[PDB]
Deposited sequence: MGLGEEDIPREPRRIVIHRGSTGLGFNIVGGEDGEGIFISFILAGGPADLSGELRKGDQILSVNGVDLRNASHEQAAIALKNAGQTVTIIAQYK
């Protein structure tokens, strides 16, 4: 697989612009066109979020991940495993 990749998402108006689903892992389920996660063209639906702002999310429940993303602030550093 492609090596895990570090991405910085800059939050803007009203959201980070992506949804998540998911030990089973946290996966991108939706990327909003024109939104903060669409701008760099890096993340895609199906990618696994391995970390947010230094916090390992490989074992996170959906709730734990959603908390971590909602509290990561305006600058969100993600390590993603491309599908």
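Missing C-alpha coordinates mark the following deposited-sequence intervals, in order: 1-8, 31-33.
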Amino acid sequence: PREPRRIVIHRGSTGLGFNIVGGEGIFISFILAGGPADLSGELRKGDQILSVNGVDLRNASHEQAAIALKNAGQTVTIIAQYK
From here on, numbers count along this sequence of modelled residues.
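Averaged over CA atoms, B-factors in the entry run higher in 8-16 than in the other of 61-69 and 8-16. As listed in the deposited structure, the average C-alpha B-factor of 23-31 and of 41-49 is greater for 23-31.
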